[PDB]
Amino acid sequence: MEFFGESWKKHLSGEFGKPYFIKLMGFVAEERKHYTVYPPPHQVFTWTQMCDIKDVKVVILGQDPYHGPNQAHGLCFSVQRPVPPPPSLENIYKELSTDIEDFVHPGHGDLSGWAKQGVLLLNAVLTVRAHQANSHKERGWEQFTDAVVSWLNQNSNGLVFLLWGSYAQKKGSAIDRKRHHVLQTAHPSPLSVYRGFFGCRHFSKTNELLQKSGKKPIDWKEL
């Protein structure tokens, strides 16, 4: 395996020598010496490994990786087998079941099948100390994942950006709405899910927008 997918590396490596990025690398490495940090190193960039950057169709922006054992694996909201879907993911699946008629809970939480179809599952912050939500916030990841969003904004067209909750909404504020589609609603966490997420119908809406972009739809059941 490689640490960072080749097509993504080609377009993002201009970030790597910037002071903030070297500092970020140093910070994460130091944290790993003294704490358990999630996801493990070979999974921090899973979101670069599942499809070619040119093949991205949909971008779902999250905030912090899961901070419990075995949960985070580098795709926002996803958990590898045999880990049970956490509450936010159960809510995503519940919305899918009402939005997409044929969708049924797949019995696992691994969203790799969406990532392979060009659904970029990007958290703003890409590492977290075990059991400490937001522990790696404002350490340099935000600038890097801003560069990812900016690259897609300027180098692709007709994407659908799904911004769930206030942090993702802030992070997507500069998306060119002449060039790309943007949908916004509440975060799927239990505390926020009934403030817009349930009933948002983002999955069917995304496929209709992809059709307007002249692109084939996502099969949300392909998991």
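Under this definition, the rigid core comprises the largest set of C-alpha atoms superposing within 1.5 Å between the forms. The first residue of the sequence shown is number 1, and the count goes up from there.
Between 160-168 and 40-48, the larger mean CA deviation from the shown form in 7 other deposited structures of this protein, after core superposition, belongs to 160-168. Once the rigid core is used to overlay the structures in 7 other deposited structures of this protein, the stretch among 142-150 and 128-136 whose CA atoms lie farther from this form is 128-136. When the mean C-alpha temperature factors of 122-130 and 95-103 are read from the deposited coordinates, 95-103 comes out higher. Relative to one another, 34-42 and 191-199 have unequal mean CA B-factors, and 191-199 is the one with the higher figure. Among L159, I53, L162, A186, the highest C-alpha B-factor in the deposited entry belongs to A186. In the PDB entry, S213 places in the highest third of its chain by CA B-factor. Among the modelled residues of its chain, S13 has a C-alpha B-factor that falls in the highest third, as given in the PDB entry. When the CA B factors of the chain's modelled residues are split into thirds, the value for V58 lands in the lowest one. For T48, the recorded CA temperature factor ranks within the lowest third of the chain's modelled residues.
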